[PDB]
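# Inside the fold
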Amino acid sequence: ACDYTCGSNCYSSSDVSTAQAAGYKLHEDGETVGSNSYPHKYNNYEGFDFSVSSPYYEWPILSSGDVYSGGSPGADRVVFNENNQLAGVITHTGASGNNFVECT
Ligand SMILES: Nc1nc2c(ncn2[C@@H]2O[C@H](CO)[C@@H](O)[C@H]2OP(=O)(O)O)c(=O)[nH]1
Ligand SMILES: [Ca+2]
């Protein structure tokens, strides 16, 4: 079974930890990757009820199982905070335009 399901993409907690660690390392070093400069601030325009405190940062999680290194980021992201605490997993899949919905 999937710990997180983003549309048709299935992720386990290990997938999430792995992606999160990569994104957090970049954030800590002050470096970015890709044209959209990941990781970057996630403003939470959606108003999600994350149980962990802001600020939040977005970082793509890929269905291929590889860590993001540039190029298309797909529709899924791992949201973490300043303390490397997972806030949640979100996706553009199933949401209109550039909005997000939570992965179930
Ligand atoms: N929908 C949404 N997009 C956000 C938020 N914070 C930052 N973004 C970024 O703001 C821009 C317009 O929605 C996009 O570049 C999106 O980036 P991503 O595609 O990387 O998520 C947020 O809270 N909600
Ligand atoms: Ca739906």
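Residues numbered from 1 in each chain as written, not as in the entry; some residues may be left out. Chains lettered and ligands numbered in written order. Heavy atoms only, no water.

The chain carries the name PROTEIN (RIBONUCLEASE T1) in the PDB entry, which gives Aspergillus oryzae as its organism. Looking at the PDB record, one finds the entry titled "RIBONUCLEASE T1 COMPLEX WITH 2'GMP". The UniProt entry for the chain carries this comment under Catalytic activity: "[RNA] containing guanosine + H2O = an [RNA fragment]-3'-guanosine-3'-phosphate + a 5'-hydroxy-ribonucleotide-3'-[RNA fragment]." Database annotation for the chain, UniProt heading Subunit: "Monomer." (UniProt positions renumbered as here; feature names shortened; annotations may be inferred.)

So, on to the pairing of strand 4 (residues 56-60). Extensive coverage of strand 4 is indicated by the burial of 5 of its 5 residues. Side chains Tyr56, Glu58 and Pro60 project from strand 4 onto one buried face, and the interleaved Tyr57 and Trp59 project onto a second face that is buried too. Looking at chain direction, strand 3 (residues 40-42) and strand 4 are connected through 3 bridges and run antiparallel. For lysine 41, the partnering residue across the bridge sits in strand 4 and is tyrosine 57. Bridge count between strand 4 and strand 5 (residues 76-81): 5 bridges; the pairing is antiparallel. Note that in strand 5 the partner of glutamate 58 across the bridge is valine 79. (Buried < 20%, exposed > 50% of the residue type's maximum accessible area, 1.4 Å probe, protein only. Helix = DSSP H or I, 4+ residues; strand = E, 2+ residues; numbered from the N terminus. Pairing = 2+ DSSP bridges.)

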